[PDB]
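Read through the structure below, which is laid out as structure tokens, and then see the notes.
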Amino acid sequence: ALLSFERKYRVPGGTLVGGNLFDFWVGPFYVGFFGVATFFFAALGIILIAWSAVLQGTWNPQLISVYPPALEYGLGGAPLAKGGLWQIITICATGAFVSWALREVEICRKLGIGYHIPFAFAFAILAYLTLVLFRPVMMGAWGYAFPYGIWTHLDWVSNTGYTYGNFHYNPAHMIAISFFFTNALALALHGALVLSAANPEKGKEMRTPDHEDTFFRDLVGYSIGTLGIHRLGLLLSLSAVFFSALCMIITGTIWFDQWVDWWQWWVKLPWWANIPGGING
Amino acid sequence: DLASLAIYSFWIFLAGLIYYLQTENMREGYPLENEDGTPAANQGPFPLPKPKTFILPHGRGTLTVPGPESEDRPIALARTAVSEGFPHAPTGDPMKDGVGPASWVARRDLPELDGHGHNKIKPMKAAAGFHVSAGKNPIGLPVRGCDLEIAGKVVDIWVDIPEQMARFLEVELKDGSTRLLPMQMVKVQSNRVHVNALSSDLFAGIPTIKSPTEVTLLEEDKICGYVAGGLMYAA
Amino acid sequence: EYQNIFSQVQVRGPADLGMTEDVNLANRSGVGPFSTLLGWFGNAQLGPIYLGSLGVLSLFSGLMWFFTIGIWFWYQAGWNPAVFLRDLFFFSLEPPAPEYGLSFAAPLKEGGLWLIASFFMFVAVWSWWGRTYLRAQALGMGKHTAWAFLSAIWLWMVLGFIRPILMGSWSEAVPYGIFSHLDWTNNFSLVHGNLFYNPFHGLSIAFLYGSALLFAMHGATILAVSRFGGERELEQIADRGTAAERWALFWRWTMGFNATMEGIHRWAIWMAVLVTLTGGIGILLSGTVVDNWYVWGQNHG
Ligand code: BCL
Ligand code: BCL
Ligand code: BCL
Ligand code: BCL
Ligand SMILES: CC[C@H]1c2cc3[nH]c4c(c3C)C(=O)[C@H](C(=O)OC)c4c3nc(cc4[nH]c(cc(n2)[C@@H]1C)c(C(C)=O)c4C)[C@@H](C)[C@@H]3CCC(=O)OC/C=C(\C)CCC[C@H](C)CCC[C@H](C)CCCC(C)C
Ligand SMILES: CC[C@H]1c2cc3[nH]c4c(c3C)C(=O)[C@H](C(=O)OC)c4c3nc(cc4[nH]c(cc(n2)[C@@H]1C)c(C(C)=O)c4C)[C@@H](C)[C@@H]3CCC(=O)OC/C=C(\C)CCC[C@H](C)CCC[C@H](C)CCCC(C)C
Ligand SMILES: COC(C)(C)C(=O)C/C=C(\C)CC/C=C(\C)CC/C=C(\C)CCCC/C(C)=C/CCC(C)CC/C=C(\C)CCC=C(C)C
Ligand SMILES: [Cl-]
Ligand SMILES: [Fe+3]
């Protein structure tokens, strides 16, 4: 139940609510008030999803889908059968996630470390909240939000994209994607660099972070260093998601036509709009 | 069908990847223990991996992990319940006792060495050709603790030679001795350095170093541990 | 209170010319300048790059590829800098038509140039790969970077070479252009029954997302324990310290299981590598074996 070194850290304290009431573990899991909170929300959510499943008439996880209230309901409520359950499940989802973040803060306090992790998580929650809460509200109906179902949610992404032509042309989305790819590049390299110093050629001794700096300089002419790479990862990650939220908060709202056509602002700029030749004249 | 075999093969691959990966992540902290240190009944579904040995540079031996795990340390704590899963109260001053968020590990009592076998971290005094290059230079700034009282003066930056980075601020207390404060736990300001973790009266209690011109891994751990713990234990 | 996302105070010493080991020092350049700008976030030293023969090849190659597209783009602009800047994203070096199959008989204006550019890129990337290996070897480090880089190469090789060869035409390969290569991608999915139904595509997504999740986690958590020297991962591997312990326990207490300072990097190198690995398989199968992922999915097989 404990790691060989863990006991010294399982001291009282760090909670935000309830003092010592919920200050304990269950197995490896820390609990706290927000352990009890996420459990409650998560369990109500699953029970509602399970009950939504019986009303749809299925139990296959690749068919269960809790669809948001049809657009006619606007921003009001819907019968449970025909929208209500999604709305309540969404309330539970946000409850569960926000609680999970606040629980992470509690663990951080008890462990004497920085609050970086829940701060990072907050970005994912914000992304979710853009799709299910902020965007639909600016648009004026819950029906624009995505449904909760393995494939039905992919159907939604596809139909939502093609509403605006090839969604590749959304420029916030272009930046989003670049951060995603760059992040995964940076993850590969980081993983492999540290591993290549920890695991040198057979029989040779562990290399040193100097070797890591040396290796990369030799290769690309620069090395960000061991603090930098951890800052970089965190920044590329959160940036990807930041721009994901942005690229969707503006779609359906400030821009709602075909994205490819937005690029005509550049090409019609007065000083070159009318010069012959090229692709556009 | 060729794709239907491709995907089937891959799920099996991925299954063994996860197995490999999860067993790899058991080279530390295991075999699991009960709160009394004896080995837990239930160790999980994954076995301990075959040991691996790291050859440490500069004649410092090897490390073979998964190995006999011990704290090499008294842990000043006592149970607060009659069953698993509850917190463990400090039996003295947790800052002094190195428990909780004040914890330290009994790491090796030598300094981390750079790629040339020279001490990784040096006071800027001894760091040939090293100077502050951007930002406010803290050297000379009074250091203030969370009780808004002056705990001392900054007398040097302790720098990482290889990575060219500030790592501690050596601070001089009222009696003339010095402590190291990690860079990551101080806020440099135009006219002071602010240490929110410690009250001015807890600075004397920071763990000192054997030699004034190097710091060992054991010592970095006591210092960092001590200063982190203040967030919980000064308040 | 202070977060360690940017440094409060930079320090600079003598230029670090690096570790020697077996590296041939005659091919290291001098140090470059120092950038205070970079230095708030990472290191300030731009400096030495190693340029041996395999390096020079790659650099020459890479530039030729890029200039080959360049003069096409300029030519498409009618040699006019205003038109060139204006339509920059619309220009495209397109591969030869299906008419010419896998041959090299297509005229320069109508495919020939695509291949020259493509040739030059092939030599650029492979020579760069071997370089990835050789630099590791000169320092006596593991070959992880090379092996991980191969997984990127795989997707790229499958896009422009393996798949076109298997499908019998170069016309199948990706054109060089900003907007044009976006169109290609969307056109690929439409023509193959929607790639959302390709199980490999979806697995690629899980890993790409997963790489954002993991590096968010990892960067955040290592910064969280940087007050105990956590970024010094190699030494924490050789001599576990309270940084490694608190870090492991953050995650143990949060999600109930956890990593080691070495093991997390194995999770890292794989999460990433498996993005382009699963991806490249997904593309390779598309049109060679499965014409339509909706349909395939209706039977799985
Ligand atoms: C994966 C399936 C599709 C595909 C789908 C998409 C989608 C969708 C998008 C991109 C986007 C990008 N793609 Mg593409 N992309 C594919 C294959 C490639 C290949 C390749 C050699 O195989 C390359 C070089 C690129 C290049 C690029 C960049 C232009 C851009 C951001 C990439 C990034 O963050 O890189 C990693 C980060 C690095 C730092 C490495 C180096 C980055 C530089 C900038 C690479 C560009 C080189 C280019 C020649 C310079 C531009 C010319 C100037 C205007 C003169 N793609 C395949 C065919 N790609 C995004 C974009 O913004 O498009 C406009 C985008 O939204
Ligand atoms: C035909 C479809 C269109 C298209 C339409 C769209 C649409 C529509 C959207 C995107 C979005 C995205 N697309 Mg696009 N996109 C297309 C082509 C591409 C291509 C490509 C290679 O061609 C790429 C690389 C991308 C890339 C992306 C990302 C930038 C972004 C998704 C990440 C995100 O939002 O994460 C954010 C992460 C989350 C929302 C999840 C957060 C997790 C939460 C907080 C916690 C949940 C916990 C969980 C329930 C616990 C359970 C586990 C327990 C253990 C049981 N698109 C095509 C052209 N794209 C999306 C976006 O930007 O959204 C904001 C979006 O809505
Ligand atoms: C981000 C932009 C779009 C979107 C676009 C896509 C696209 C495109 C794809 C997916 C895919 C997936 N998406 Mg989605 N997805 C969105 C929002 C979400 C949310 C959410 C709470 O907001 C969740 C939980 C998921 C979940 C999932 C997984 C079922 C699947 C793999 C993801 C993954 O590995 O992530 C990274 C995370 C990890 C590796 C950590 C583990 C995550 C686990 C596996 C999540 C399990 C969810 C569970 C089945 C359902 C909830 C459990 C409840 C208790 C009932 N998506 C939004 C609307 N998603 C892929 C798929 O293959 O679908 C079939 C795919 O191709
Ligand atoms: C309308 C479009 C279709 C679609 C069409 C495609 C197609 C087509 C492809 C993908 C691919 C991918 N798509 Mg899809 N995709 C769609 C919807 C999505 C959505 C979404 C939310 O809707 C998401 C998240 C994704 C996500 C993804 C990724 C998981 C995957 C690319 C991985 C990668 O890193 O590539 C980028 C990595 C590379 C291109 C490798 C490059 C390596 C080389 C060696 C680098 C050379 C550099 C060069 C020399 C220049 C250097 C310049 C300077 C010197 C720096 N797609 C829709 C449904 N998608 C790819 C895949 O694998 O699919 C299975 C692919 O081929
Ligand atoms: C912000 C950058 C990236 C990021 C970061 C991030 N994620 C994080 C964290 C961080 C820093 C954590 O600390 C936390 C964690 O513990 O990770 C191990 C987390 C986490 N990210 C997670 C998932 C996740 N993150 C994603 C994305 C990202 N996370 C980004 C790419 C995705 C994507 C891309 O789709 C997913 C699926 C979880 C593994 C974990 C948070 C666990 C949590 O909140 O638990 C509490 C809730 C439950 C256990 C059950 C919820 C029950 C609901 C009430 C009902 C279900 C509702 C749901 C909307 C339906 C889903 C239908 C789908 C089929 C679409
Ligand atoms: C696990 C998969 C992920 C991954 C991994 C990965 N990539 C890698 C590696 C690894 C492990 C490397 O080791 C290798 C590397 O060197 O990284 C630093 C690489 C690499 N990944 C790269 C790019 C890249 N990777 C991508 C993707 C990914 N890489 C995945 C997400 C992408 C995407 C997402 O599209 C791109 C664009 C390269 C930077 C590098 C390989 C370099 C290479 O092959 O270079 C050949 C040489 C050239 C191309 C020279 C070209 C010159 C420039 C085109 C012009 C420069 C501008 C100039 C100033 C203008 C001059 C004109 C004036 C005269 C007017
Ligand atoms: C500024 O002006 C000047 C003239 C100075 C310039 O320099 C301008 C130059 C430019 C504007 C350049 C801009 C170039 C681009 C916009 C480039 C864009 C490139 C992409 C988006 C590429 C994406 C994908 C490419 C892929 C996947 C290619 C893969 C290729 C291969 C795997 C290799 C295939 C090899 C072949 C077909 C040849 C084989 C033949 C043999 C004989 C071996
Ligand atoms: Cl981590
Ligand atoms: Fe790391």
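Just remember, in the structure tokens the first chain shown is A, the second B, etc., residues are 1-based per chain, and ligands are 1-based in the order shown.
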Test item: residues at most 10 Å from range 15-31 of chain A, only C-alpha atoms, excluding those fewer than 2 positions along its chain, as a count of residues only: 38
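Using only C-alpha atoms, the residues found no farther than 10 Å from residue 43 in chain A, other than those of its own chain fewer than 6 positions away, are residues 37, 49, 92 and 96 of chain A.
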Contact set, chain B to chain C: 6 Å, only C-alpha atoms, as JSON, numbers by chain: {"B": [1, 4, 24, 25, 104, 105, 129, 130, 131, 132, 133, 134, 135, 164, 165, 184, 224]}
Suppose we keep N, CA, C and O atoms; can you now write the selection as a PDB file, in the first residue's frame?
ATOM      1  N   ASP B   1      -8.099 -10.466 -43.873  1.00  0.00           N
ATOM      2  CA  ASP B   1      -7.760  -9.082 -44.373  1.00  0.00           C
ATOM      3  C   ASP B   1      -6.511  -8.459 -43.721  1.00  0.00           C
ATOM      4  O   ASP B   1      -6.348  -8.466 -42.502  1.00  0.00           O
ATOM      5  N   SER B   4      -6.961  -5.734 -40.934  1.00  0.00           N
ATOM      6  CA  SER B   4      -7.566  -6.366 -39.778  1.00  0.00           C
ATOM      7  C   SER B   4      -6.567  -7.215 -38.988  1.00  0.00           C
ATOM      8  O   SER B   4      -6.783  -7.484 -37.806  1.00  0.00           O
ATOM      9  N   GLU B  24       9.101  -1.417 -15.895  1.00  0.00           N
ATOM     10  CA  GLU B  24      10.256  -0.511 -15.894  1.00  0.00           C
ATOM     11  C   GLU B  24      10.090   0.539 -14.822  1.00  0.00           C
ATOM     12  O   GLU B  24      11.040   0.910 -14.181  1.00  0.00           O
ATOM     13  N   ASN B  25       8.870   1.030 -14.647  1.00  0.00           N
ATOM     14  CA  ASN B  25       8.584   2.033 -13.624  1.00  0.00           C
ATOM     15  C   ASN B  25       8.413   1.429 -12.211  1.00  0.00           C
ATOM     16  O   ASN B  25       7.826   2.044 -11.332  1.00  0.00           O
ATOM     17  N   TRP B 104      13.589  15.141   3.504  1.00  0.00           N
ATOM     18  CA  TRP B 104      14.744  15.039   2.625  1.00  0.00           C
ATOM     19  C   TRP B 104      15.067  13.566   2.383  1.00  0.00           C
ATOM     20  O   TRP B 104      14.623  12.706   3.143  1.00  0.00           O
ATOM     21  N   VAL B 105      15.819  13.267   1.327  1.00  0.00           N
ATOM     22  CA  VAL B 105      16.290  11.910   1.097  1.00  0.00           C
ATOM     23  C   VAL B 105      17.755  11.868   1.453  1.00  0.00           C
ATOM     24  O   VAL B 105      18.477  12.846   1.285  1.00  0.00           O
ATOM     25  N   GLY B 129      35.215  33.474 -14.506  1.00  0.00           N
ATOM     26  CA  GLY B 129      34.617  34.153 -15.660  1.00  0.00           C
ATOM     27  C   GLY B 129      33.091  34.212 -15.730  1.00  0.00           C
ATOM     28  O   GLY B 129      32.521  34.587 -16.768  1.00  0.00           O
ATOM     29  N   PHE B 130      32.455  33.859 -14.612  1.00  0.00           N
ATOM     30  CA  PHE B 130      31.016  33.889 -14.452  1.00  0.00           C
ATOM     31  C   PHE B 130      30.568  35.156 -13.763  1.00  0.00           C
ATOM     32  O   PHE B 130      31.058  35.486 -12.693  1.00  0.00           O
ATOM     33  N   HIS B 131      29.621  35.837 -14.393  1.00  0.00           N
ATOM     34  CA  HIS B 131      29.037  37.090 -13.928  1.00  0.00           C
ATOM     35  C   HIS B 131      27.524  37.042 -14.203  1.00  0.00           C
ATOM     36  O   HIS B 131      27.047  36.231 -15.025  1.00  0.00           O
ATOM     37  N   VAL B 132      26.774  37.889 -13.502  1.00  0.00           N
ATOM     38  CA  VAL B 132      25.368  38.124 -13.819  1.00  0.00           C
ATOM     39  C   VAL B 132      25.280  38.776 -15.193  1.00  0.00           C
ATOM     40  O   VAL B 132      26.005  39.729 -15.465  1.00  0.00           O
ATOM     41  N   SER B 133      24.392  38.288 -16.057  1.00  0.00           N
ATOM     42  CA  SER B 133      24.324  38.826 -17.416  1.00  0.00           C
ATOM     43  C   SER B 133      23.005  39.495 -17.826  1.00  0.00           C
ATOM     44  O   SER B 133      22.935  40.129 -18.859  1.00  0.00           O
ATOM     45  N   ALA B 134      21.967  39.377 -17.021  1.00  0.00           N
ATOM     46  CA  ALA B 134      20.669  39.957 -17.357  1.00  0.00           C
ATOM     47  C   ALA B 134      19.818  39.824 -16.114  1.00  0.00           C
ATOM     48  O   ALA B 134      20.048  38.930 -15.307  1.00  0.00           O
ATOM     49  N   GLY B 135      18.869  40.729 -15.923  1.00  0.00           N
ATOM     50  CA  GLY B 135      18.050  40.730 -14.704  1.00  0.00           C
ATOM     51  C   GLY B 135      18.727  41.447 -13.552  1.00  0.00           C
ATOM     52  O   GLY B 135      19.898  41.809 -13.637  1.00  0.00           O
ATOM     53  N   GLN B 164      24.928  26.895 -16.890  1.00  0.00           N
ATOM     54  CA  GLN B 164      24.993  28.357 -16.807  1.00  0.00           C
ATOM     55  C   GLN B 164      23.697  28.922 -16.251  1.00  0.00           C
ATOM     56  O   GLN B 164      22.940  29.577 -16.950  1.00  0.00           O
ATOM     57  N   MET B 165      23.484  28.675 -14.969  1.00  0.00           N
ATOM     58  CA  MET B 165      22.203  28.900 -14.365  1.00  0.00           C
ATOM     59  C   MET B 165      22.365  29.172 -12.876  1.00  0.00           C
ATOM     60  O   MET B 165      23.168  28.531 -12.227  1.00  0.00           O
ATOM     61  N   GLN B 184      14.655  28.824  -6.853  1.00  0.00           N
ATOM     62  CA  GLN B 184      13.277  28.566  -7.180  1.00  0.00           C
ATOM     63  C   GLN B 184      12.305  28.963  -6.051  1.00  0.00           C
ATOM     64  O   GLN B 184      11.091  29.049  -6.286  1.00  0.00           O
ATOM     65  N   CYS B 224      16.761  22.175   0.470  1.00  0.00           N
ATOM     66  CA  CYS B 224      15.537  22.292  -0.287  1.00  0.00           C
ATOM     67  C   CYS B 224      14.327  21.780   0.479  1.00  0.00           C
ATOM     68  O   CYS B 224      13.289  22.431   0.514  1.00  0.00           O
TER      69      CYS B 224
END
Within 7 Å of chain A, which residues of chain B show up when using only C-alpha atoms, listed as a PyMOL selection string? chain B and resi 29-35+40+54-57+69+71+75+85-89+99-101+103+115+162-163+228-229
Just-selected residues, N, CA and C atoms written as a tab-separated table (two decimals), in the first residue's frame:
chain	number	residue	atom	x	y	z
B	29	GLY	N	11.13	2.41	-5.33
B	29	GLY	CA	9.98	2.39	-4.42
B	29	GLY	C	9.35	1.03	-4.18
B	30	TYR	N	9.96	-0.02	-4.72
B	30	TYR	CA	9.35	-1.34	-4.62
B	30	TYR	C	10.28	-2.42	-4.14
B	31	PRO	N	9.82	-3.15	-3.12
B	31	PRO	CA	8.59	-3.92	-3.14
B	31	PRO	C	7.68	-3.01	-2.29
B	32	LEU	N	6.38	-2.91	-2.58
B	32	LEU	CA	5.46	-2.14	-1.71
B	32	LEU	C	5.54	-2.59	-0.25
B	33	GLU	N	5.31	-1.64	0.64
B	33	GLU	CA	5.37	-1.87	2.08
B	33	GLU	C	4.09	-1.46	2.79
B	34	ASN	N	3.84	-2.09	3.93
B	34	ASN	CA	2.79	-1.62	4.83
B	34	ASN	C	3.34	-0.44	5.58
B	35	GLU	N	2.46	0.27	6.28
B	35	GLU	CA	2.84	1.47	7.03
B	35	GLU	C	3.92	1.16	8.08
B	40	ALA	N	4.17	-5.38	1.94
B	40	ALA	CA	2.74	-5.54	1.75
B	40	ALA	C	2.41	-6.90	1.16
B	54	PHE	N	23.58	0.70	-13.61
B	54	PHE	CA	24.14	1.91	-14.19
B	54	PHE	C	25.58	2.04	-13.76
B	55	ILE	N	26.48	2.26	-14.71
B	55	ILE	CA	27.86	2.62	-14.36
B	55	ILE	C	27.91	4.13	-14.15
B	56	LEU	N	28.24	4.53	-12.93
B	56	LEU	CA	28.24	5.93	-12.55
B	56	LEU	C	29.57	6.48	-13.00
B	57	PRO	N	29.61	7.74	-13.45
B	57	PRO	CA	30.92	8.27	-13.86
B	57	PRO	C	31.87	8.62	-12.71
B	69	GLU	N	15.74	-1.42	-0.66
B	69	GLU	CA	15.28	-0.05	-0.42
B	69	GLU	C	15.28	0.20	1.09
B	71	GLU	N	15.38	3.88	3.95
B	71	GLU	CA	15.45	5.34	4.18
B	71	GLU	C	16.83	5.73	4.70
B	75	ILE	N	12.49	8.11	10.97
B	75	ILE	CA	11.35	8.89	10.56
B	75	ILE	C	10.53	9.25	11.78
B	85	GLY	N	-4.18	3.87	6.22
B	85	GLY	CA	-4.68	4.87	5.29
B	85	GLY	C	-4.82	6.26	5.83
B	86	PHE	N	-4.47	6.43	7.11
B	86	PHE	CA	-4.55	7.73	7.76
B	86	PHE	C	-3.18	8.37	7.87
B	87	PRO	N	-3.14	9.69	8.10
B	87	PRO	CA	-1.90	10.42	8.20
B	87	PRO	C	-1.09	10.06	9.44
B	88	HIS	N	0.16	10.49	9.44
B	88	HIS	CA	1.11	10.04	10.42
B	88	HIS	C	1.71	11.31	11.01
B	89	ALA	N	1.36	11.57	12.27
B	89	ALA	CA	1.69	12.83	12.94
B	89	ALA	C	3.20	12.94	13.22
B	99	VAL	N	10.56	15.71	8.11
B	99	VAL	CA	9.35	14.91	7.74
B	99	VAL	C	8.34	15.78	7.02
B	100	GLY	N	7.39	15.14	6.36
B	100	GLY	CA	6.34	15.88	5.65
B	100	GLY	C	6.86	16.60	4.43
B	101	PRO	N	6.28	17.77	4.10
B	101	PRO	CA	6.88	18.61	3.09
B	101	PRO	C	8.26	19.18	3.50
B	103	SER	N	10.55	16.96	4.20
B	103	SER	CA	11.30	15.71	4.04
B	103	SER	C	12.57	15.94	3.25
B	115	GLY	N	30.67	17.07	-16.37
B	115	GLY	CA	31.19	16.11	-17.33
B	115	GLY	C	32.69	15.96	-17.32
B	162	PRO	N	28.14	23.95	-15.97
B	162	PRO	CA	27.65	23.37	-17.24
B	162	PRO	C	26.42	23.98	-17.89
B	163	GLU	N	25.41	24.30	-17.09
B	163	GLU	CA	24.12	24.73	-17.63
B	163	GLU	C	23.94	26.25	-17.50
B	228	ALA	N	11.13	24.24	1.58
B	228	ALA	CA	9.79	23.84	1.11
B	228	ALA	C	8.82	23.66	2.29
B	229	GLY	N	9.29	22.97	3.32
B	229	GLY	CA	8.45	22.66	4.46
B	229	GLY	C	7.85	23.86	5.17
Within 6 Å of ligand 5, counting only C-alpha atoms and all ligand atoms: which residues, as a ChimeraX atom specification? /A:38,41-42,45-46,92-93,96-97,100,117-118,120-121,123-124,148-150,153,237-238,241 /C:209,212-213,216-217,255
How would the residues just chosen look if you wrote them out with N, CA, C and O atoms as a compact mmCIF listing (two decimals), in the first residue's frame?
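For reference, part.txt as written:
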# COMPACT_ATOMS: atom_id res chain seq x y z
N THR A 38 -15.18 14.64 -6.47
CA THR A 38 -15.12 14.04 -7.82
C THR A 38 -15.82 12.68 -7.84
O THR A 38 -16.56 12.39 -8.77
N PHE A 41 -19.65 13.32 -8.18
CA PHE A 41 -19.99 13.81 -9.52
C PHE A 41 -19.76 12.72 -10.56
O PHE A 41 -20.60 12.54 -11.44
N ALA A 42 -18.63 12.02 -10.47
CA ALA A 42 -18.30 10.97 -11.44
C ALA A 42 -19.34 9.86 -11.39
O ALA A 42 -19.76 9.37 -12.44
N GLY A 45 -22.69 11.05 -12.75
CA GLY A 45 -22.51 11.07 -14.19
C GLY A 45 -22.64 9.70 -14.84
O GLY A 45 -23.37 9.56 -15.82
N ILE A 46 -21.94 8.70 -14.31
CA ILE A 46 -21.98 7.35 -14.86
C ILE A 46 -23.42 6.72 -14.71
O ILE A 46 -23.96 6.13 -15.66
N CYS A 92 -22.28 17.47 -14.09
CA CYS A 92 -21.46 16.50 -13.37
C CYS A 92 -20.01 16.44 -13.88
O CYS A 92 -19.07 16.30 -13.10
N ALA A 93 -19.83 16.55 -15.19
CA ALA A 93 -18.51 16.46 -15.81
C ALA A 93 -17.56 17.58 -15.34
O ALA A 93 -16.40 17.33 -14.97
N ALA A 96 -16.78 17.15 -11.80
CA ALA A 96 -15.78 16.12 -11.62
C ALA A 96 -14.41 16.64 -11.97
O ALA A 96 -13.45 16.34 -11.25
N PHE A 97 -14.31 17.43 -13.04
CA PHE A 97 -12.99 17.89 -13.48
C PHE A 97 -12.46 18.98 -12.58
O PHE A 97 -11.31 18.93 -12.20
N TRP A 100 -11.35 17.51 -9.47
CA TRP A 100 -10.06 16.84 -9.70
C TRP A 100 -8.85 17.83 -9.63
O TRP A 100 -7.82 17.51 -9.05
N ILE A 117 0.85 21.55 -12.00
CA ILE A 117 0.02 20.49 -12.63
C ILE A 117 -1.47 20.86 -12.78
O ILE A 117 -1.98 20.81 -13.90
N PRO A 118 -2.17 21.20 -11.68
CA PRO A 118 -3.55 21.66 -11.78
C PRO A 118 -3.73 22.93 -12.58
O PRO A 118 -4.80 23.15 -13.14
N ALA A 120 -1.95 23.54 -15.33
CA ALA A 120 -1.94 22.90 -16.66
C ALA A 120 -3.27 22.19 -16.93
O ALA A 120 -3.85 22.29 -18.00
N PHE A 121 -3.77 21.46 -15.95
CA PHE A 121 -5.00 20.76 -16.18
C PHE A 121 -6.04 21.80 -16.56
O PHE A 121 -6.76 21.62 -17.52
N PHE A 123 -6.30 24.14 -18.34
CA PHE A 123 -6.39 24.39 -19.77
C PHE A 123 -7.28 23.36 -20.44
O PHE A 123 -8.19 23.72 -21.17
N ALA A 124 -7.04 22.08 -20.18
CA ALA A 124 -7.93 21.03 -20.71
C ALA A 124 -9.39 21.28 -20.33
O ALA A 124 -10.25 21.26 -21.19
N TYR A 148 -21.99 13.00 -26.16
CA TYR A 148 -21.13 12.06 -25.43
C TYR A 148 -21.33 10.63 -25.92
O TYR A 148 -22.28 9.96 -25.52
N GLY A 149 -20.45 10.22 -26.83
CA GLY A 149 -20.48 8.90 -27.46
C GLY A 149 -19.21 8.75 -28.28
O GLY A 149 -18.79 9.70 -28.95
N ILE A 150 -18.60 7.56 -28.22
CA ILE A 150 -17.29 7.28 -28.84
C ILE A 150 -17.23 7.78 -30.27
O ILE A 150 -16.37 8.60 -30.61
N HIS A 153 -19.33 11.43 -31.14
CA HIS A 153 -18.53 12.66 -30.96
C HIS A 153 -17.59 12.94 -32.16
O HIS A 153 -17.38 14.10 -32.52
N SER A 237 2.57 22.32 -25.07
CA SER A 237 1.34 21.68 -24.68
C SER A 237 0.20 22.67 -24.44
O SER A 237 -0.83 22.63 -25.11
N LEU A 238 0.38 23.53 -23.45
CA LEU A 238 -0.69 24.46 -23.11
C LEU A 238 -1.04 25.39 -24.29
O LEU A 238 -2.19 25.80 -24.43
N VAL A 241 -3.44 23.63 -26.81
CA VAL A 241 -4.79 23.61 -26.29
C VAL A 241 -5.34 25.02 -26.24
O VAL A 241 -6.52 25.22 -26.53
N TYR C 209 -2.77 13.56 -29.01
CA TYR C 209 -3.38 14.12 -27.79
C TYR C 209 -2.59 13.68 -26.55
O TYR C 209 -2.24 14.50 -25.70
N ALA C 212 0.37 15.63 -25.75
CA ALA C 212 0.09 16.91 -25.13
C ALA C 212 -0.22 16.69 -23.64
O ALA C 212 0.34 17.36 -22.78
N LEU C 213 -1.09 15.73 -23.32
CA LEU C 213 -1.36 15.35 -21.92
C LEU C 213 -0.07 15.07 -21.17
O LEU C 213 0.13 15.65 -20.10
N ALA C 216 2.48 18.05 -20.89
CA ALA C 216 1.83 18.98 -19.92
C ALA C 216 2.10 18.49 -18.47
O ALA C 216 2.69 19.20 -17.64
N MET C 217 1.70 17.25 -18.21
CA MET C 217 1.94 16.61 -16.94
C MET C 217 3.41 16.78 -16.56
O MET C 217 3.70 17.29 -15.46
N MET C 255 -3.62 9.72 -9.48
CA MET C 255 -4.17 8.66 -10.32
C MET C 255 -3.83 7.23 -9.86
O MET C 255 -4.27 6.27 -10.47
Run DSSP on the backbone and grab whatever in range 217-261 of chain A lands in helix (DSSP H, G or I); send it over as a compact mmCIF listing (two decimals) with C-alpha atoms, in the first residue's frame.
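File written: selection_0.txt
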# COMPACT_ATOMS: atom_id res chain seq x y z
CA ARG A 217 24.65 21.57 -30.19
CA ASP A 218 26.72 19.22 -32.32
CA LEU A 219 23.48 18.38 -34.16
CA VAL A 220 21.37 21.55 -34.54
CA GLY A 225 18.91 22.82 -21.52
CA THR A 226 17.27 20.72 -18.88
CA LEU A 227 15.18 23.48 -17.27
CA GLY A 228 14.27 24.86 -20.69
CA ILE A 229 13.02 21.59 -22.14
CA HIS A 230 10.59 21.16 -19.26
CA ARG A 231 9.40 24.75 -19.71
CA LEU A 232 9.17 24.17 -23.48
CA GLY A 233 7.06 21.03 -23.12
CA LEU A 234 4.69 22.78 -20.77
CA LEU A 235 4.45 25.82 -23.06
CA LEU A 236 4.02 23.84 -26.33
CA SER A 237 1.34 21.68 -24.68
CA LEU A 238 -0.69 24.46 -23.11
CA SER A 239 -0.30 26.54 -26.30
CA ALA A 240 -1.72 23.78 -28.50
CA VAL A 241 -4.79 23.61 -26.29
CA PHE A 242 -5.02 27.37 -25.88
CA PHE A 243 -5.27 27.75 -29.62
CA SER A 244 -7.67 24.81 -29.93
CA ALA A 245 -10.08 26.67 -27.62
CA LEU A 246 -9.54 29.91 -29.54
CA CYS A 247 -9.99 28.35 -32.99
CA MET A 248 -13.41 27.05 -31.86
CA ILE A 249 -14.62 30.01 -29.75
CA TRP A 259 -12.71 29.48 -43.70
CA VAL A 260 -10.79 29.22 -47.00
CA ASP A 261 -12.41 32.54 -48.07
